[PDB]
Structures are given as C-alpha cells and as structure tokens.
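I have placed the structure first, in the form of structure tokens, so that the comments after it can refer back to it.
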Amino acid sequence: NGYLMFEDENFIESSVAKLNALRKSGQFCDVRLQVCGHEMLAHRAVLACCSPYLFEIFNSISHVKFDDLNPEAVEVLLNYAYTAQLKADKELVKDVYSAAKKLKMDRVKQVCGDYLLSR
Amino acid sequence: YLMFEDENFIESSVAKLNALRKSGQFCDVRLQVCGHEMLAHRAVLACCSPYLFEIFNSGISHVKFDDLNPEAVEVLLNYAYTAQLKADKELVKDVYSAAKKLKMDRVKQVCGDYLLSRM
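Given below as structure tokens:
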C-alpha cells in the first residue's frame with residue numbers, strides 16, 4: 004500500500020447519539036409510527052436494517074399503524090434500533106416481546122423471551 | 006429489571022445501511038458532483054457534515075458541488091456510513107479539499123496530517 008487508512012473509533016458511537024438525538028427532535032424523519040393513538044417518528048433506513056418486517060412495508070412519508078402494541082414498548086424498540094441498547098422494566102418486558110415478535114426483531118425477541126422463561 | 010446491549014448489532018447495521026446507500030434504497034439526497042450522481046440519506050449525512058446539515062434546513071434534496079473530486083466525495087461517503095477512511099495517495103489532496111468544503115474535521119485533520127508530513 005503506502006496510502007491513507009484511518010478508522011475513527013469514536014465516530015460510530017457519537018454518530019448514533021446524533022441520530023438518536025435527531026429522532027427525538029424529529030428532524031428528517033420519514034416515518035410516523037402510530038402505536039394505539041400515541042405516535043413516534045423515525046427514519047426508514049434505520050428501521051429497515053432493524054426490522055425485516057418494516058423493510059417489507061417500506062419497499063413498495071410512510072405511515073404505519075399498530076392497534077395493540079404498547080407505545081412505551083415501541084419506544085424501547087426504537088431506542089434499541091438507534092443505540093443497540095435495550096432498557097425495560099420487569100413488567101414491561103412482556104409487551105416488548107410481542108412488539109419484537111410483531112416487528113420480527115428476532116435478536117430482541119430472543120433476549121426478551123428468555124428473560125421471561127427463566128422466571 | 007432488564008437491560009442488554011447487542012454488540013453485533015452496531016456493525017451489522019452500518020453494513021446494512023451502507024448496503025442501502027449503494028443500492029439506492031430509501032435515499033433522500035442526490036449529490037451532484039460534476040455529472041456524477043450519488044445518493045445518500047439526509048439523516049446520515051446530517052450527523053457528519055455541518056455544511057450539509059445547514060443546507061437541509063431550507069420533495070427530496072438536490073445539492074451541487076462541481077469543484078470537488080467525485081471519487082473524493084465517494085470516499086467521504088463511505089466514511090460517513092462506515093466510520094472508515096481509505097484513500098489513495100494522489101487522492102488525499104482532493105479528499106482534504108472536499109472535507110473542508112463539508113467541514114468534516116476529523117477527516118480534515120487526518121488528511122492534513124498526511125499531506126503535511128510530506129511537504
């Protein structure tokens with residue numbers, strides 16, 4: 004070689020914060036997620052990498074509606090889609106499992122459904 | 006009380022997102038640089054160039075440059091998505107030039123150090 008290679012070990016974690024910040028302030032968001040009346044904004048390109056389900060509903070502003078999922082649960086799935094982190098109270102975990110099942114987020118499904126079964 | 010981090014999830018989705026950009030899916034910016042056409046996502050580029058983020062504050071977005079090396083811009087594209095910066099030696103001056111126009115500083119600094127350690 005003899006040329007310029009460089010990986011920015013900080014760029015990734017700072018940039019997800021910014022995308023998360025962008026989703027909370029709603030800029031550039033091309034999805035409206037209506038969860039049982041409550042609504043949450045997001046970016047398609049994120050949710051498509053995260054949800055093979057939303058991918059299918061997107062390849063076809071995007072409006073999408075869920076008359077059963079707990080809105081707090083979807084906020085947790087959203088947070089996870091943007092930060093790879095999953096924070097949920099003990100009593101919420103049941104609902105995030107069914108949201109993950111619905112959105113086909115199989116990694117999250119796995120971790121949630123296993124938390125439950127051990128109990 | 007339940008919490009988890011998916012350390013695979015971060016690398017598998019910059020790849021998916023990068024994959025999206027190179028397939029022209031869900032994009033909402035068209036970068037015109039001298040006759041080359043390159044699409045991307047407003048939200049991703051927004052985390053990355055202050056210059057572009059202030060333009061998007063004004069249909070999908072068109073931007074022209076016409077004094078920037080197109081191959082250079084594709085290098086800055088890859089780095090905005092994947093956090094990785096790879097450029098050929100003779101291409102570094104043009105990558106430095108494009109990074110100053112878009113105000114991408116970590117990149118500006120690196121390319122500047124390379125050039126500067128060599129003149």
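So the sequence lines, in the order shown, correspond to chains A and B.
What the first sequence shows, in the UniProt record's numbering, is residues 4 to 63, 70 to 128, in sequence order.
What the second sequence shows, in the UniProt record's numbering, is residues 6 to 63, 69 to 129, in sequence order.
All C-beta atoms, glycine included, are put in the ideal place defined by N, C-alpha and C.
What separation, rounded to the nearest whole angstrom, lies between the Cα atoms of residue i and residue j?
{"i": "B:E59", "j": "A:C52", "result": "27 angstroms"}
{"i": "A:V105", "j": "A:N79", "result": "8 angstroms"}
{"i": "A:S18", "j": "B:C121", "result": "20 angstroms"}
{"i": "B:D77", "j": "B:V83", "result": "11 angstroms"}
{"i": "A:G29", "j": "B:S127", "result": "43 angstroms"}
{"i": "A:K110", "j": "A:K118", "result": "6 angstroms"}
{"i": "A:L112", "j": "A:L50", "result": "10 angstroms"}
{"i": "A:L87", "j": "A:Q94", "result": "10 angstroms"}
{"i": "A:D123", "j": "A:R116", "result": "11 angstroms"}
Answer with yes or no whether the minimum CB distance from residue i to chain A is below 8 angstroms.
{"i": "B:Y56", "result": "no"}
{"i": "B:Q37", "result": "no"}
{"i": "B:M129", "result": "no"}
{"i": "B:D76", "result": "no"}
{"i": "B:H72", "result": "no"}
{"i": "B:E59", "result": "no"}
Closest to residue i by CA distance: which of the options is it?
{"i": "B:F75", "options": "B:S54, B:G40, B:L87", "result": "B:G40"}
{"i": "B:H46", "options": "B:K111, B:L112, B:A90, B:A82", "result": "B:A90"}
{"i": "A:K27", "options": "A:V117, A:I15, A:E42, A:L125", "result": "A:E42"}
{"i": "B:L125", "options": "B:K103, B:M114, B:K96", "result": "B:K103"}
{"i": "B:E12", "options": "A:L22, A:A108, A:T92, A:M114", "result": "A:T92"}
{"i": "A:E81", "options": "A:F31, A:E10, A:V38", "result": "A:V38"}
{"i": "A:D33", "options": "A:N23, A:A24, A:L44", "result": "A:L44"}
Quick check: is the beta carbon of residue i nearer than 8 angstroms to any beta carbon in chain B?
{"i": "A:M43", "result": "no"}
{"i": "A:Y106", "result": "no"}
{"i": "A:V102", "result": "yes"}
{"i": "A:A82", "result": "no"}
{"i": "A:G5", "result": "yes"}
{"i": "A:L126", "result": "no"}
In chain order, what residues of the segment 110-124 of chain B put their CB closer than 9 angstroms to some CB of chain A? Taking 9 angstroms as the Cβ-Cβ cut-off against chain A, the residues of the segment 110-124 of chain B that qualify are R116, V117, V120, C121, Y124.
Please name the residues in the segment 14-29 of chain A whose beta-carbon is closer than 7 angstroms to at least one beta-carbon of chain B, in chain order. From the segment 14-29 of chain A, only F14, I15, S18, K21, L22, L25 have a Cβ closer than 7 angstroms to chain B.
Of all the residues that make up the segment 85-100 of chain B, which are near chain A by a beta-carbon distance shorter than 7 angstroms? For the segment 85-100 of chain B, which is checked against every Cβ of chain A, the residues closer than 7 angstroms are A93, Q94, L95, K96, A97, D98, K99.
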